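Bear in mind that the values in this text are calculations on the coordinates, not laboratory data. Positions of Cβ are backbone-derived with ideal geometry, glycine not excepted, and every protein chain shown enters the neighbour counts.
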Amino acid sequence: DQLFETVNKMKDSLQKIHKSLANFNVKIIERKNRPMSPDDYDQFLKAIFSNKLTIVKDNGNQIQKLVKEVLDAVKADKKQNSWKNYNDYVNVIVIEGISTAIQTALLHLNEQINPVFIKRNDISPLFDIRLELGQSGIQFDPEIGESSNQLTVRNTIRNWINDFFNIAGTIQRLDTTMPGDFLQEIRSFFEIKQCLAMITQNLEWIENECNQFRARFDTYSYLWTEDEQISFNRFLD
């Protein structure tokens, strides 16, 4: 019974660790029906992101406590190598689970972010873009580009991608190091890189065709704004 109960506790702990990881990934992004605004999505998304981040941390705390229970059930010294090898294995499963959860959230964004899936569906538009005439050129409120300054769709999407990466802090490693990062391990995964790479390709595709659509207005309207009024005299002779 002592041997049996200890084995069940070890099996129960591993099973509990796996179940917690699956529930925590959820949906990374939720679409609230009709379009609002870029800043607005960050505003509406920020409330959802905080709740999702807190839930992931709560699941992580339970998994960390579950690991402590195994040592009590096993009654094996931490110094012994056998426990150390097992300790790394639990951490690896959590890492693998985090990669799958982050991958699902990124994949959900890809279906919304990629145009071909969107064209087939009746979902159509999600984000909202504002166009204001600019003397230097036609300028969008989003500005369609990486930019690296002020606010842009790529900068926001870039912030969105960081939130999945941010879930790394909640895990706080598995054992041996009190303070540990999880972004380096998740970034290393080949599967995570492919999903991230796919998202970047979709963003570039809309910008190209989008530039062509903006170019048609730019062929005559942009040229007009640039020319000075005193150009009327030149037209006469």
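Which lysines have a Cα lying under 20 Å from the Cα of residue 11, excluding residues fewer than 8 positions away in the same chain?
The qualifying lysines are 19, 65, 68, 75, 78, 84.
Quick one: Karplus J couplings for the stretch 104-119, per residue in order, coefficients 6.51, -1.76, 1.60, θ = phi - 60°, nearest Hz, x for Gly and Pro?
In residue order, the calculated couplings are 5, 5, 5, 4, 4, 5, 4, 4, 6, 5, 6, x, 4, 5, 5, 4 Hz.
Starting at the first residue of the stretch 98-103, write each ³J(HN,Hα) from the Karplus equation 6.51 cos²θ - 1.76 cosθ + 1.60 with θ = phi - 60°, in whole Hz, x for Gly and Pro.
In residue order, the calculated couplings are 4, 4, 5, 4, 5, 4 Hz.
So which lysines pass the test for residue 46, namely a Cα distance under 18 Å, with those fewer than 8 places away in the same chain ruled out?
Partners found: 27, 32, 57.
In degrees, nearest 10, range 0 to 90: what is the angle between the Cα axis of helix 38-74 and the longest Cα principal axis of the chain?
10
What share of all Cα pairs of the stretch 159-215, in percent, falls into each consecutive 10 Å distance bin?
Pair shares across the bins are 19, 36, 23, 14, 6, 2.
Between residue 130 and residue 232, what is the spin-label point distance in nm, taking each point 7 Å from the Cα along the Cα→C-beta axis?
Rounded to a tenth, the inter-label distance reads 3.3 nm.
Nearest 10 degrees is fine. How inclined is helix 190-217 to the longest principal axis of the chain, computing both from alpha carbons?
The answer is roughly 10 degrees.
Counting every Cα pair in the stretch 1-66, what percent are over 13 Å apart? Display every interim value, and only then the final one.
Working: 1516 of 2145 pairs.
Everything past 13 Å amounts to 71 percent.
Report the residue, chosen from 203, 151, 106, that carries the largest GNM mean-square fluctuation when the chain is represented by alpha-carbon nodes joined by springs under 10 Å.
Sorting by GNM fluctuation, first place goes to 151.
Under the Karplus relation 6.51 cos²θ - 1.76 cosθ + 1.60, θ = phi - 60°, what is the ordered set of whole-Hz ³J(HN,Hα) values for the stretch 161-167, x standing for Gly and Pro?
Result, ordered by residue: 4, 4, 4, 5, 5, 4, 4 Hz.
Please name which of 55, 230, 184 has its Cα lying farthest along the dipole of the chain towards the positive end, using unit charges on Cβ (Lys, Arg +1; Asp, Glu -1) and the Cα centre as origin.
Going by the charge dipole, the pick is 55.
Which value, in debye to the nearest 20, describes the size of the charge dipole of the stretch 138-189 about its Cα centre when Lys and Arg Cβ atoms bear +1, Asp and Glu Cβ atoms bear -1, and nothing else is charged? Don't jump to the answer; show the numbers that get you there.
Values: 4 positive and 7 negative charges, 13 e Å.
Dipole magnitude for the stretch 138-189 comes out near 60 debye.
When the chain is modelled as a GNM with alpha-carbon springs shorter than 10 Å, which of 36, 198, 178 fluctuates the most?
Comparing 36, 198, 178 in a Gaussian network model of the chain, the most mobile one is 178.
In a shell of Cβ-Cβ distance under 15 Å around residue 177, excluding residue 177 itself, what net charge do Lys and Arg (+1) and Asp and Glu (-1) give?
Working: positive: 78, 84, 173; negative: 88, 175, 181, 185.
Local charge sum for residue 177: -1.
Of 25, 149, 51, which has the largest mean-square fluctuation in a 10 Å C-alpha GNM of the chain?
Evaluated over the chain, the most mobile residue of the options is 149.
Please give the calculated 222 nm ellipticity per residue for the chain, where each DSSP H segment of at least 4 residues contributes -39500 (n - 2.57) and the sum is spread over every residue; nearest 500 deg cm²/dmol?
Rounded to the nearest 500, it is -23000 deg cm²/dmol.
Could you pull out every residue, at least 5 positions away or on a different chain, whose amide H is within less than 5 Å of the one on residue 139? Hs are placed 1.01 Å off N in the peptide plane, and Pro or chain starts have none.
132, 134
Let me check I have the definition right: for the stretch 86-184, take the eigenvalues of the Cα gyration tensor, multiply each by 5, take square roots. What are those semi-axes in whole Å, largest first?
On the way: eigenvalues 286, 70, 10 Å².
The equivalent ellipsoid of the stretch 86-184 has semi-axes of 38, 19, 7 Å.
Express the relative contact order of the chain as a whole percentage, based on alpha carbon pairs under 8 Å and six or more residues apart in sequence.
On the way: 209 pairs, mean separation 57.9, N = 237.
Computed over the chain, the figure is 24 percent.
Which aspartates and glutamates, on any chain, are close to residue 119 with Cα under 14 Å apart, when same-chain ones fewer than 8 places away are left out?
Those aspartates and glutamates meeting the cut-off are 111.
When all C-alpha to C-alpha distances in the chain are sorted into bins of 10 Å, what percent of pairs does each bin hold, rounded to whole numbers?
6, 24, 25, 17, 12, 8, 4, 2, 1, 0, 0
Treat the count of other C-beta atoms within 10 Å as a stand-in for reagent exposure and order 94, 74 from fewest to most. Don't skip to the end; give the middle numbers.
Numbers: 94 24, 74 17.
The fewest-first ordering by Cβ neighbours comes to 74, 94.
Output the Kirkwood hydrodynamic radius of the stretch 61-131, Cα pairs only, in Å rounded to one decimal. Don't skip to the end; give the middle numbers.
Details: mean 1/r = 0.0621 Å⁻¹.
So the Kirkwood estimate lands at 16.1 Å.
What ratio of Cα Rg to 2.2 N^0.38 Å holds for the stretch 140-180? Provide the component values of the computation, followed by the final result.
Numbers: Rg = 15.7 Å, N = 41, 2.2 N^0.38 = 9.0 Å.
Ratio of Rg to 2.2 N^0.38 Å for the stretch 140-180: 1.74.
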